[PDB]
Structure formats: C-alpha cells, structure tokens
Number of protein chains: 4
Amino acid sequence: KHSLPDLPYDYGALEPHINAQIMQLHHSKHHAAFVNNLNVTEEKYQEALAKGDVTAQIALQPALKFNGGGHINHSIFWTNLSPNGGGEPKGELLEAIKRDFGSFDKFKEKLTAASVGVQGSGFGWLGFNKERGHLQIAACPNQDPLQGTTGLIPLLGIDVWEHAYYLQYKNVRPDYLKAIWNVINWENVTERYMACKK
Amino acid sequence: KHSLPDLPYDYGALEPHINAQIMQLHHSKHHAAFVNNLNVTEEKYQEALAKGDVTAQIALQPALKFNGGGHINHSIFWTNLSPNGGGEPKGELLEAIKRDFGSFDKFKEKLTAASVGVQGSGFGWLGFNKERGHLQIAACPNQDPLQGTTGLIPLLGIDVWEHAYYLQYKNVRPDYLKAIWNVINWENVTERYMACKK
Amino acid sequence: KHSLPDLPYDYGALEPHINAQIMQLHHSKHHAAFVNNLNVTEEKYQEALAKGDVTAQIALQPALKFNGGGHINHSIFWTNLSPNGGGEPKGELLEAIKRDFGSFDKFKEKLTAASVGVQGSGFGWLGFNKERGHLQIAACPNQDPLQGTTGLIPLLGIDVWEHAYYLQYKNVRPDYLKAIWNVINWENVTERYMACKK
Amino acid sequence: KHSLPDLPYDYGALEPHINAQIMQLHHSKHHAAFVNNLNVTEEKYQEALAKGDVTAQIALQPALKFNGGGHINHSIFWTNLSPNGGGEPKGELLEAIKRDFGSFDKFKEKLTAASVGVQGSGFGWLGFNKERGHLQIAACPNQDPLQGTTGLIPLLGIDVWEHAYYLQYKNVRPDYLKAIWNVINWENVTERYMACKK
Ligand SMILES: [Mn+2]
Ligand SMILES: [Mn+2]
Ligand SMILES: [Mn+2]
Ligand SMILES: [Mn+2]
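Residues numbered from 1 in each chain as written, not as in the entry; some residues may be left out. Chains lettered and ligands numbered in written order. Heavy atoms only, no water.

Header annotation of the entry names X-ray crystallography as the structure determination method and lists the resolution as 1.95 Å.

## Focus on the coordination of the manganese ion (ligand 2)
Tetrahedral coordination by four donors sets the ideal angle at the metal to 109.5 degrees; octahedral coordination by six donors sets it to 90 or 180 degrees. All names here are of chain B. Rule in force here: Coordination here is defined by N, O and S atoms within 2.8 Å of the metal (3.2 Å for Na, K and Ca), and since water is not considered, a site can look incomplete. Helix and strand assignments follow DSSP, with helices taken as H or I runs no shorter than four residues and strands as E runs no shorter than two, numbered in order from the N terminus. Each residue is assigned to one of three classes by its accessible area relative to the maximum for its type, calculated with a 1.4 Å probe on protein chains only: buried under 20%, partly exposed between the two thresholds, exposed over 50%.
Around the manganese ion (ligand 2), the protein contributes the donor atoms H26 (NE2), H74 (NE2), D159 (OD) and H163 (NE2), at 2.1 to 2.2 Å from the metal centre. Mapped onto the polypeptide sequence, the residues donating to the manganese ion (ligand 2) form the spacing pattern H-x47-H-x84-D-x3-H. With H26 in helix α1 (residues 20-50) and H163 in the loop between β3 (153-159) and α7 (166-169), this residue pair connects regions lying 137 residues apart in the sequence. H26 sits in the buried class, given a relative accessible area of 2%.

## Description of the relation of the copies chain A and chain C
To keep things clear, this is the line we draw: Overlaid copies: least-squares superposition on C-alpha atoms. It only takes one pair of heavy atoms within 4.5 Å for two residues to be counted as in contact.
Once chain A has been moved 0.0 Å along the axis and rotated by 180°, it coincides with chain C to within an RMSD of 0.0 Å. Seen this way, the second copy is the image of the first under a two-fold rotation axis. Minimal C-alpha separation from the rotation axis in chain A is found for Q61 of chain A, amounting to 3.5 Å. Both copies present the same face, since 100% of the interface residues in chain A are matched by interface residues at the equivalent positions in chain C.

## What about the coordination of the manganese ion (ligand 4)?
All names here are of chain D. At this site the manganese ion (ligand 4) is bound by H26 (NE2), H74 (NE2), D159 (OD) and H163 (NE2), with donor distances of 2.1 to 2.2 Å. When the donors of the manganese ion (ligand 4) are listed by position in the chain, the intervening gaps give H-x47-H-x84-D-x3-H. For the pair shown, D159 and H163 are each scored as buried.

## Topic: helix α4 (residues 92-101) of chain B
All names here are of chain B. Applicable threshold: Summarising the geometry, the arc corresponds to the directions from the helix axis toward the C-beta atoms.
Of all the positions in α4, only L93, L94, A96, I97, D100 and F101 are classed as buried. The buried residues of α4 all sit within an arc of 160° when viewed along its axis, so they share a single face. Facing away from the buried side of α4 by more than 90 degrees, the exposed set consists of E92 and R99. In the segment just after α4, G102 is the residue with positive phi, at about 90°.

## Remarks on the interface of chain B and chain A
To be explicit about the condition: Buried area, as used here, totals the accessible surface that two parts lose on assembly, with accessibility defined by a 1.4 Å probe and the loss added over both. Within this document, salt bridges are pairs made up of a side-chain nitrogen of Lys or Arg and a carboxyl oxygen of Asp or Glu, the two lying within 4 Å of each other. Any pair of nitrogen or oxygen atoms within 3.5 Å is treated as a polar contact; in protein, a donor-acceptor pairing is required on top of that, and neighbouring residues in sequence qualify only through side-chain atoms on both sides. All amino acids are sorted into three groups, where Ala, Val, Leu, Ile, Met, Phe, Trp, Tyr, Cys and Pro are nonpolar, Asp, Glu, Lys and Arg are charged, and the leftover types, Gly among them, are polar.
Counting residues at the interface gives 18 residues for chain B, matched by 18 residues for chain A. Counting each side, the surface lost to burial between chain B and chain A is near 1,700 Å², with a carbon and sulfur contribution of 57%. By the criterion of area lost to chain A, the three top residues of chain B are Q119, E162 and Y166 of chain B, representing 36% of everything that side buries. For the pair chain B and chain A, the interface holds zero salt bridges. Taken together, the connections running from chain B to chain A amount to six residue pairs in polar contact. Top contributing element to the side of chain B that touches chain A by residue count: α1 of chain B, with four residues. When the residues that make up the side of chain B that touches chain A are grouped by side-chain class, the tally is seven nonpolar, eight polar and three charged.

Here it is in structure tokens:
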C-alpha cells in the first residue's frame, strides 16, 4: 500500500514563484488521487495476475501507468523544490552540466525548451544515462515516468501540466518556467546524481 | 488564412456555469494562439511542399495537428454552448439519444464518463458515425480533432483540458462537467446532426 | 504458466488459401515465442508487484502487452479458421451481420478495408459491443488485443502482420484477404457471438 | 514530384546475406509504392491547403508520414549497403563509435539490440545528435523517419519490417541482423557522418 509523502515544506514555502493555493491543491488533491487510485489498480492487477487473466492485466495498464507515474513523478517533484533553492549546483553536478550541455545557462535553455515544447500535459526532465555515463534531457507525456519509460534516471523534473501553474501564470507557461529556477533544490538533484555513480 | 471566430455571446453569458475569466482567457488567449500558429505552420508547410522537403513536412505535422485541431475543436466548442441552453434537446436528436444510449440520462453519464476518463489533456465528444448511421461517443487526446483522426462527425464537444475549468473548479473536473449541461446549445447540436442527413 | 494451444488442424489443412509453411512457422515459432516470453514477463511482474516497484511494473508493460496480446490474438486466430470453413454464417450471426452492416457482402468489404487499412503490423477485427448490443469492426496495431484495449469482444480476427501471408502472397495483402474468406470458421465465430448474449 | 531511386547495385549483389528475391521485391514493389503514394498524397495535400481544409490536411497526415517516411527510409537503406562493404568502418567514424559506444562490437550489440527490440514493424538507427555532437542509437516505428520525428540525422539504418528478411530468414530476425553486418557500406555511412561536420 502506497501513501502520500509529506511536503518537505509548507504550502507557502515557495512563494512568490509558486503561490500557496497551487502547492496545496497539487499535493493534497492531485497527488493524493494518484496514490488512492494506484493502490486500487495494484490490487486489481494482483487479482488478475493470479487468475492468469491477461486481458484484464492489459486493460489495467493505462490506469497503472497513469497513477503510478503520477505517484513517482510527484514524489520526485516535491524534493526537486525548496524555499532555500535556486542558484547553480556545485561540484560534480555543475561540472557534469558543463561537460554535457556546455554551460549551466545553455542547460537551462535546453530544459526550458523541452518543458515548453510539451504539447498537452507532461514533464520536462534532466536525467542520467547510466549506459552512456552522461546527463540527458527528455520530455514525457501525461504521467509517463522517466525511468519506467526511457531507462534514464530522474534527477530534476519540471511539471508542465496546467494545474502546476495556471492559477498564477494562466496561459503564460514561459513565466512559470522562468520562475521555478528560483526554487530548484540543487541539493537534492546533486544527491540523485551522485547516487547514479556509486 | 484562418481567423479567430467571435463568440456568439459575451464572456459572462455562461455564468455561473463557466465564469467570464475562463471564457475570456480561453478565447482571447488559447484559441487566438491556435489561429496564429495554425497560419504560420500552414505557410511553412507550403514552402516545404514546394521544395519537396518531406522531412520538413513531417517535422511540421505535430504543430499542424495541434494548432489545426485546436482551431477546429474550439470553433465548435463555442457554438456548443449558449446562455439560453441546457435541459434536454428537442426533436429527432433526443430520439437518437434514447435509441443509441438508452435515455438522455444514460447519455449524459457516458459522455461525462468519456470526459472524466481523459488522462491528461483532451476532449470528450458525441459524434455521428455516417457509416453506421448512428450516434457514437469518443474521446480525443490533446487537440486531435474528432473528424480528422476518427471520421466521426462532431456534434457536441466537451473541452476537458485543465484551462477549461481550473480557475473555477480547480481539480474537481466532475463539478465542471455537471455544470456544463446547463449551457449546452442543443439547437446547434441538432443543426450539426441534421447536417449528417442533408 | 501459459502453454501453446494445439492447432485444431494440420499445418496443411488450409491449403491452398494459406500454405503449410506459413501455418507451421506462424504457430510453432511466432506463437510459441509469445507464450515463452509471456510466462517470463508475468513472473517478473509478480516479483515487482510484491516489492512495490512501480517503475519496474511500468517498464514491463510493453513486453506484457506484446506477448500477452500475441498469445490472446493467435489463440483466437487458429479457431477462426477451418479447412471446412468458408461460406456465410447462418442464424442469428448472419441476421446480426445484416442488421449492423447491411449485408454479408458489405460486412466483408468493411472488415477487408479495416484489415487492408493497417499500416505496419496489426489485426482486423469483427467484435461485439456489449454496451451497444451490436457488432462492430475495429483495427488494432501490432499485438494489442481487442478486448484488453477496446472493451469489444473478439468474434473474428484477421492477422495482417507480414509473416501471416508474405511467403505466399508477398506484398499483395489484398490477395491474402480475398483468400482467407474461404477458411473462416463461421461455426466458431457463431459460438463466440452467441456467447455474448447469455 | 518524387522518383524511385535506382539501386547502386544489382538485385543479387548482396548474396548470400540478402538474396535477390528480397532485393527485387523490396525495391520494385515496396519502395515504388511509397513513391507513388507519396506523390498522390502530396498533391492531395496541396488541394487541401489551397482550400484551407484543416480536417482534410490532418486526415492525410498518416499517409504522408507513412509514404513520405517510407521513401526517406528506403532511399537511405539502399545506400547503407554494398557488395564491397562489411568489416569495420575506417577513419573518424570508427573512433566516434569507440568513444560513444565503447567499441565496435559493443556498438553492433546495441544497434542489433535496438533492431531486435522493435515489436512490430520498424527500423533501428545509428544517428548523429547535432545538439550533443555525438552518436546515438534509436528505433522508429513503422515508417516514421528518423530526422523528421526525432531530429537525429540518420547515418545507418536497418530495416526490420518482416518483408526485409522473411523470405530468407523466416522468423529468425537475429540471423538477418547478423548477416547484414557483412554488407554495410561504411563509406556511405562515413559520408553522412562527415556531413554533420560540414
Ligand atoms: Mn502535477
Ligand atoms: Mn481549451
Ligand atoms: Mn501473427
Ligand atoms: Mn522495407
């Protein structure tokens, strides 16, 4: 049974970049719905797996990918943010960033473009290619999780579903993108990156 | 050259069901963007076609369907609503509903279900299957237009992208679908239906 | 644990319509590969389901849908054929066919078109819409099974993957389609149809 | 207006790796069909564009990508093979391979894997990522062209549609991939690579 992870900060901890009403709705309603529905889908899949019912297994895949991805993506998103966040990463991460994208600034333009490039619902991701030994930017639709669908390890995710910025930025997604760089918890992204080495 | 069609009513004509802030943004911002992006992409397609650049034609397909479909979908959506609508449709349309979905209420549930069932951005539609000569409900992702990607003729469309309801209903998409039944322009839906019989 | 179902007839039982080399390869190699790989995927999913690993669950969905669909689709396909097959169905099925598509002949053109319309790998299907109480034709890509992905109940399936006709018909898929109507086991399709009533 | 390009060799020039019957059918039937369907669809798109019919433009997109991509993909495929190829590439290309994939053998495994991994119809590609300035392997479904749908520049493409090998290797797709390494036209692949450095 999955559960809703608490927010490492208060709903208002990210103001003014991301107002309090968003954080509250996003975490308590949207994220909670994924967990609730994820646990239900898993129970039904467990049942179908025992009865050897492949047709039921398959029919349940959309619900599983959507709610599971939703749970995975958001669990990561909350940690990718911090009221103390902002600025540039330090050490190996910054070095890797320079090594793969050129400069921290070009990295930003690339991740911002990948995030702005999403038509419909989705996420923009900075990941790690274990196979290639280097960073990599990618975009996923709806709630498709990065690792489950691309093999890449998630380091930083930017939610560009409309519920993530509309109440404050309306249709101007570029402003939300310009604003979130101020709350990026590079401390956590560095953690995940370092984890990719071991 | 495509143009933004004026609404058949004022931004506040659908209160309290769909507020004026949503209507103004939806039309003047979202839809207007589709129009311009549609025109630009079309012109870009004209240059690629003339130069026989198939790679460019193909790279342009996502924008064409997204902005083209966006223009098609919302143009229909505005006509599907009315400050003097709601209730049950009159004439043959209602009989088709009774015949193809059992009853008006059962019809509302199915379209509401098809609408609530969109994971991510999309539209729920009541269309006409010319081949079978009867009504048929379907859901389309993002801005994919009903007829261009399915052949069914659009009769009634329900925009379930988060920008269609978030400012008013937040995450409660079912509250938005419940309210919209009050402003359905049955007259226009009947017109479209009869057209599939011209 | 799934197993490879025996063929209701010998590999040459469908000549000349579908030669023996196809039937043998199709059943013993292609179909057998699905079963082998399906059982493996299910074991891995069972493991991931216990560890609460959603990322692994999701990553395994493509393998599960492809091999499970492959196992479901082909198990049905073998029964949809018969050396004694051919002709038109009788009783309720024929009646339903006339009622939903007009005539047996128009039904054929529709199923043939849906089958010819498949770009890439896939199947053409005649199914039953439990909700609507009537027949319905649809097409599925690759090994996506009918019921698991559309809710429709499979009655007759026509495999249009290239391995199903290339050795004999090469690129002329229309000849394979024209030929298979001679081996359609209407007795089995009638069975599945009647099952949809109960 | 598009035309079927002549092969740089005779239908039997690739024996025993890819037999003459496959080469003749692949080129004279499959590819030729893409060309004509591409030209017809393009002309149909011209009429829809002129009449500003967005629904028609969109309904035509599947044929355009399928026949357009089919023409793009096979035109490249013919140039990727040679009766005087095989072995290891010479010059910078090989060094890039060593650098991006570890070694030539490791490169073959990854592309062979990406190729065997296509479920249904598709292509396995070795492309160049201009943004990152390095090699990158990717797989594309059906006839979706590499550059038009991913931005990567095609260097080497391996057709894994069943018509590319069935008449000779039957279901044993791995035997076909193993054999094709003997006719890779490294000279052409190097040319394409250097072009991403012009
Ligand atoms: Mn979100
Ligand atoms: Mn909208
Ligand atoms: Mn098959
Ligand atoms: Mn081919």
